[PDB]
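Down below is the structure, laid out as structure tokens.
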Amino acid sequence: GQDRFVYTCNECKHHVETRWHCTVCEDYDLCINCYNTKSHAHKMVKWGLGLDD
Amino acid sequence: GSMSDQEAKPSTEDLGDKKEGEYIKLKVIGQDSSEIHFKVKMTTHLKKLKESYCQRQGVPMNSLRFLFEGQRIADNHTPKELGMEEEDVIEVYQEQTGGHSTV
Ligand SMILES: [Zn+2]
Ligand SMILES: [Zn+2]
């Protein structure tokens, strides 16, 4: 499913209008910055629960 | 436990050991005759790249231009588009040398 981005990133502590949660590594959360820089693929599932707009 | 189920890897195909992840290959080639080959870290606005090249040579704010793909982009953003993996190529145009030549 697809929803808002109400979440945070534990790699830089700077959530950004987006959040990808890697399963294989579990309890692992990445933002648009760390994800682009680190290059951590792993079938991530976008998790959100806020208002999109 | 073994490197490969078959037996062993040729190692020939894989030469050297580089991350080739954090860093990317960004270069420029103006019409005049410029050839630069180097890698820059991808964690800051592309500005921290052309700024060194531009300052050490010339500023785009006149003749020199940086075309990321098929348009013009600002140097105050990073997540706007960039998102390069490794092979990052930027085209530039030089109307004038800015020196030596009268025009
Ligand atoms: Zn982050
Ligand atoms: Zn992972």
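Chain labels run A, B, ... following the order of the structure tokens; each chain numbers its residues from 1, and ligands are numbered from 1 in the order shown.
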
- prompt: Mind listing the residues within 10 Å of ligand 1, only C-alpha atoms and all ligand atoms counted, as an NGL selection string?
  reply: :A and (8-16 or 19 or 29-38)

Selection file, C-alpha atoms, as an mmCIF file, in the first residue's frame:
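Saved result, out-v7.cif, follows:
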```cif
data_model
loop_
_atom_site.group_PDB
_atom_site.id
_atom_site.type_symbol
_atom_site.label_atom_id
_atom_site.label_comp_id
_atom_site.auth_asym_id
_atom_site.auth_seq_id
_atom_site.Cartn_x
_atom_site.Cartn_y
_atom_site.Cartn_z
ATOM 1 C CA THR A 8 12.041 8.957 11.040
ATOM 2 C CA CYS A 9 15.527 7.818 9.972
ATOM 3 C CA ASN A 10 18.030 6.476 12.502
ATOM 4 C CA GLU A 11 20.997 6.975 10.180
ATOM 5 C CA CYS A 12 21.083 10.821 10.284
ATOM 6 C CA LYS A 13 18.055 11.590 12.518
ATOM 7 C CA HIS A 14 16.460 13.794 9.833
ATOM 8 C CA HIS A 15 13.191 12.367 8.491
ATOM 9 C CA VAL A 16 12.349 13.583 5.004
ATOM 10 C CA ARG A 19 10.560 6.572 4.604
ATOM 11 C CA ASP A 29 14.816 2.613 8.598
ATOM 12 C CA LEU A 30 16.298 4.834 5.864
ATOM 13 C CA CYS A 31 15.483 8.345 4.485
ATOM 14 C CA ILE A 32 15.927 9.743 0.936
ATOM 15 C CA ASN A 33 19.453 10.912 1.897
ATOM 16 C CA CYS A 34 20.980 7.795 3.494
ATOM 17 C CA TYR A 35 19.260 5.560 0.926
ATOM 18 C CA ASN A 36 20.666 7.519 -2.027
ATOM 19 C CA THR A 37 24.134 7.826 -0.467
ATOM 20 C CA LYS A 38 24.440 4.350 1.110
#
```

- request: Show me which residues sit within 9 Å of ligand 2 when counting only C-alpha atoms and all ligand atoms, and put them as a PyMOL selection string.
  value: chain A and resi 21-26+28+40-44

Go ahead and save the picked residues with C-alpha atoms, as an mmCIF file, in the first residue's frame.
```cif
data_model
loop_
_atom_site.group_PDB
_atom_site.id
_atom_site.type_symbol
_atom_site.label_atom_id
_atom_site.label_comp_id
_atom_site.auth_asym_id
_atom_site.auth_seq_id
_atom_site.Cartn_x
_atom_site.Cartn_y
_atom_site.Cartn_z
ATOM 1 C CA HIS A 21 11.770 0.220 5.908
ATOM 2 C CA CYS A 22 14.141 -2.597 4.888
ATOM 3 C CA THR A 23 12.802 -6.023 5.976
ATOM 4 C CA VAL A 24 15.805 -8.382 5.644
ATOM 5 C CA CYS A 25 17.718 -6.153 8.117
ATOM 6 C CA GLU A 26 14.540 -5.488 10.159
ATOM 7 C CA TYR A 28 16.208 -0.718 9.856
ATOM 8 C CA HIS A 40 20.807 0.112 0.445
ATOM 9 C CA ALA A 41 18.279 -1.690 -1.786
ATOM 10 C CA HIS A 42 16.667 -4.764 -0.130
ATOM 11 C CA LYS A 43 12.951 -4.988 -1.037
ATOM 12 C CA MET A 44 11.790 -2.110 1.165
#
```

Contacts between chain A and chain B, please, where a residue of chain B counts if it comes within 7 Å (with only C-alpha atoms); show its shortest atom pair and distance in Å to one decimal, rows by chain and ascending number, as CSV.
```
residue,atom,partner,partner_atom,distance
B:21,CA,A:39,CA,6.9
B:22,CA,A:37,CA,5.8
B:42,CA,A:37,CA,6.3
B:43,CA,A:37,CA,6.1
B:83,CA,A:36,CA,6.6
```

Would you write out those residues with N, CA, C and O atoms, as a compact mmCIF listing (two decimals), in the first residue's frame?
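Final output, saved to part31.txt:
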```
# COMPACT_ATOMS: atom_id res chain seq x y z
N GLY B 21 30.43 3.07 -4.80
CA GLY B 21 29.06 3.31 -4.36
C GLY B 21 28.90 4.74 -3.86
O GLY B 21 28.13 5.53 -4.42
N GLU B 22 29.61 5.07 -2.78
CA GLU B 22 29.53 6.41 -2.21
C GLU B 22 30.01 7.45 -3.22
O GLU B 22 29.43 8.53 -3.34
N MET B 42 28.89 11.66 -3.51
CA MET B 42 27.51 12.06 -3.75
C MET B 42 26.76 12.19 -2.43
O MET B 42 26.06 11.28 -2.00
N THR B 43 26.91 13.35 -1.79
CA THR B 43 26.23 13.60 -0.52
C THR B 43 25.94 15.09 -0.35
O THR B 43 25.39 15.52 0.66
N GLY B 83 20.58 12.13 -7.99
CA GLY B 83 20.30 10.71 -7.80
C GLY B 83 21.11 9.85 -8.76
O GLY B 83 20.60 8.89 -9.33
```

field: Residue list (helix (DSSP H, G or I), DSSP) for chain A, as an MDAnalysis selection string
entry: chainID A and resid 32:38

When you look at residue 66 (chain B) with a cut-off of 8 Å (counting only C-alpha atoms), what residues show up, excluding the ones that are within fewer than 2 positions of it in the same chain? I need them as a PDB file with N, CA and C atoms, in the first residue's frame.
```
ATOM      1  N   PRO B  60      29.895  29.753 -14.525  1.00  0.00           N
ATOM      2  CA  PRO B  60      28.805  29.543 -15.529  1.00  0.00           C
ATOM      3  C   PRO B  60      27.896  30.735 -15.669  1.00  0.00           C
ATOM      4  N   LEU B  64      29.693  29.843 -19.757  1.00  0.00           N
ATOM      5  CA  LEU B  64      29.678  28.436 -19.377  1.00  0.00           C
ATOM      6  C   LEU B  64      28.317  28.041 -18.815  1.00  0.00           C
ATOM      7  N   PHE B  68      22.517  19.173 -16.869  1.00  0.00           N
ATOM      8  CA  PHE B  68      22.490  17.882 -16.191  1.00  0.00           C
ATOM      9  C   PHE B  68      21.979  16.800 -17.135  1.00  0.00           C
ATOM     10  N   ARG B  72      18.122  23.066 -17.515  1.00  0.00           N
ATOM     11  CA  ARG B  72      18.981  23.759 -16.559  1.00  0.00           C
ATOM     12  C   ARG B  72      18.446  23.578 -15.142  1.00  0.00           C
ATOM     13  N   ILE B  90      27.866  15.523 -17.467  1.00  0.00           N
ATOM     14  CA  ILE B  90      27.301  16.863 -17.636  1.00  0.00           C
ATOM     15  C   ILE B  90      27.914  17.568 -18.842  1.00  0.00           C
ATOM     16  N   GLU B  91      27.057  18.073 -19.715  1.00  0.00           N
ATOM     17  CA  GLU B  91      27.506  18.788 -20.910  1.00  0.00           C
ATOM     18  C   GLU B  91      27.553  20.276 -20.648  1.00  0.00           C
ATOM     19  N   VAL B  92      28.565  20.931 -21.211  1.00  0.00           N
ATOM     20  CA  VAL B  92      28.705  22.365 -21.039  1.00  0.00           C
ATOM     21  C   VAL B  92      29.001  23.038 -22.371  1.00  0.00           C
ATOM     22  N   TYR B  93      28.680  24.326 -22.466  1.00  0.00           N
ATOM     23  CA  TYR B  93      28.937  25.076 -23.687  1.00  0.00           C
ATOM     24  C   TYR B  93      29.772  26.306 -23.378  1.00  0.00           C
TER      25      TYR B  93
END
```

task: One decimal, Å: what's the distance from CA of residue 75 (chain B) over to CA of residue 20 (chain B), could you say?
output: 24.1 Å

query: Expressed in Å to a single decimal, how great is the separation between CA of residue 39 (chain B) and CA of residue 97 (chain B)?
result: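 Separation of CA of residue 39 (chain B) and CA of residue 97 (chain B): 25.4 Å.
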
query: If you run DSSP on this backbone, which residues of region 14-100 of chain B come out as strand (DSSP E), and could you give them as a ChimeraX atom specification?
result: /B:23-28,38-41,87-90

Who sits within 8 Å of residue 26 (chain B), only C-alpha atoms, same chain under 4 positions skipped, as a VMD selection string: chain B and resid 37 to 40 86 to 90

field: Point-to-point distance from CA of residue 2 (chain A) to CA of residue 47 (chain A), Å rounded to tenths
entry: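 Going from CA of residue 2 (chain A) over to CA of residue 47 (chain A), I get 7.2 Å.
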